[PDB]
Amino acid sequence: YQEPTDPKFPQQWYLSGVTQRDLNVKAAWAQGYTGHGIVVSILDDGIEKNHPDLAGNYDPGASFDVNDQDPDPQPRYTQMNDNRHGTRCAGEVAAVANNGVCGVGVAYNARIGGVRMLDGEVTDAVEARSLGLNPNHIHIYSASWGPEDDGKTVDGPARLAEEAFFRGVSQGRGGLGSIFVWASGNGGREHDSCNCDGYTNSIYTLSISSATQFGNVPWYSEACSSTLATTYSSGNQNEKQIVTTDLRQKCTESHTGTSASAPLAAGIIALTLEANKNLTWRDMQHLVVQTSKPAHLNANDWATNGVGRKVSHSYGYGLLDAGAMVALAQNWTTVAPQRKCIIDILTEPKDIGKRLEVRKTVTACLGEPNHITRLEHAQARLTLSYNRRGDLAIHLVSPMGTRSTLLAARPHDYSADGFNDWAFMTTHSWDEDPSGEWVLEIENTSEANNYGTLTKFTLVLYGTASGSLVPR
């Protein structure tokens, strides 16, 4: 195998590293996987389709302009170069290799397109038409943004966009399901807590956080239980950043944030899909859980879950490992159909006050076709009132003892509107048996005499009843 000759490939440290601080992408290339036949679309501010490092892989069938309602996602050029982000992300996935220009994409033989959707008012219809673009042609969608990362917003897909997620994972990709890759957020300095973002908090999105070059949690990172894994991105000014294509046929060395991590993951998922085109949307999440690597990622919350895997709210299961992903994909056995076990927990509303604990022992739908012995995602769908929402912290403990943070205190969130059937999601109990005692903890982290009431707690379990591996 001959590594790329592109002039900035040596600067793509998160691919070309020889120090083991990389995504292990060369190992996938050397197994023969480069993204050939796979189609990825960047949901963002447009894509410079004539960029010298994108044109050779550009796919009009992976593109649309939902801001101006036409097929051409070319960015709107401005003095401040506002609409450059989709072009940066596109090159992360699929910049052309061995052509003397900039660097390379993770999946440098994949086809790449973009939906111009963020350069205008982002409505529910705009979101739905983007998520649902050409779902039997596009395999993988990459989205780096969501509701405001101000540390005080709770929002997610409205009805059309949520319908687009369900249609995508159910009928998309010939019934195997669209793969939606999401950035978990850039709200770290606002103390944002990313289960409050219903896009990354969705089970239908494969959610990705960031690590700095020296292996630390970047200033912009949001911790939450819905995240599944990590790719490298930017950090402090002694740490390198992401190197990729830029607007006006240029090359940047200063692409940053969790919004630069999701495209790298989308590229790795493209290599993995080339290795096994029959993988379902759930299969892909299983592969990420099983192959991602905690080693040398620094966090104070690494915890071993009930099946022996280390998990962090900053990093999920750790750094994506492209060589391991493509190796495990090749002989992967499709998972069983998804079961869903609904458990209404409360027998009466509960005052929250300073602290509330709710304990319930469940059988996880024993005796039913939705019996789950092998968990995937779990949700605590909560309806509660509180006088100042950001003073709340919420934890969920599984029968195996895994403590998922559902919500951390958000100092800027002054809302008195509480949570209205908000489906807080955790990935940290993946492959555990969910039968037994679950514990929900709601705590007032402030010294103020805050008040409110929990009126509904639905525990929703997803998973199967077959196929488990020996614990790690």
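Note that residue numbering follows the sequence shown and begins at 1.
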| query | finding |
| --- | --- |
| Given 438-446 and 27-35, the range whose Cα B-factors average higher in the PDB entry | 27-35 |
| Higher-scoring stretch by recorded Cα B factor average, 345-353 or 209-217 | 345-353 |
| From 427, 405, 420, 50, residue of greatest CA B-factor | 50 |
| Identity of residue with top Cα B-factor, from 372, 382, 251, 140 | 251 |
| CA B-factor placement of residue 163, once the chain's modelled residues are sorted into thirds | lowest |
| Third of chain Cα B-factors occupied by residue 185 | lowest |
| Where the record places residue 77 (Cα B-factor, split into thirds across the chain) | highest |
| Residue 311 by Cα B-factor - lowest, middle or highest third of the modelled chain | middle |
| Assigned third (lowest, middle, highest) for the C-alpha B factor of residue 455 | middle |
